[PDB]
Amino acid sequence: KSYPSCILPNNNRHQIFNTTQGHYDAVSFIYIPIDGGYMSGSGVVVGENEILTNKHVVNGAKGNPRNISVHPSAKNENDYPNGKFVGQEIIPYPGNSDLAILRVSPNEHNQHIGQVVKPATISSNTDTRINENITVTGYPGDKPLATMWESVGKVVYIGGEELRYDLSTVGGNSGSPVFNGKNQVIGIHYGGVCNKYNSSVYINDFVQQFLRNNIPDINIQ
């Protein structure tokens, strides 16, 4: 058992039904069979064949990326509007943050994940500040499996590779994109300190280089 992230006083969450509309389509559901059961998590499409998520999420594959299923725009357990893409290569962030790139294979129709949905825009994070209104959108495990939920709140802390917020998340949210009001990705949710705050990997200048060094078509605004 585990409890990676926290229900906070601010528990303002609603389900996304039109999961392929707008910036939602790159939000991705992750499913990994392990020990006869499954682990699930979240991620975000950022390139032709790439998502971002947590190191501790891809770890569930026990070193083999082909154990990971990525469903971009998952709507529920029996509604994957874009099907699945199978993990191909795990590229951990060399720094100390809980961040990994997962490269995925094209699907059975030779479609690439970044063709069926719009890859997310990465923020340059030059305007990102404390008390900014943000959302964290992904697949919390206290809801029905593979339903997408947006959680609303504010940035309470920015420092180094860490950005913290006052909004609620639940095991399953691991790897969820953090969006600013312009729907750009400022961070990748990884955890929290209960019940004080939840935490994300802040996409600072050094993280951005890692993205640039590995994802040629990354879109940093």
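Start at 1 and count along the sequence shown; that's the residue number.
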Discussion item. On mean Cα temperature factor in this entry, is 96 to 104 or 127 to 135 the higher one?
Written reply: 127 to 135
Response to the item:
Avg C-alpha B-factor, entry values, 53 to 61 vs 31 to 39, higher side is 31 to 39
Discussion item. Looking at the C-alpha B-factor values in the deposited entry, which of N183, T169, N67, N195 comes out highest?
Written reply: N195
Worksheet entry | Lowest, middle or highest third - CA B-factor, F206 | highest
Worksheet, complete the sentence: Quick tally, chain-level thirds of C-alpha B-factors: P144 sits in the highest
Worksheet item: So where's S151 on the chain's Cα temperature factor ranking, which third?
Response: lowest
Fill in: Chain-wide C-alpha B factor ranking for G83, given as lowest, middle or highest third
highest
Worksheet item: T19: which third of its chain by C-alpha temperature factor?
Response: lowest
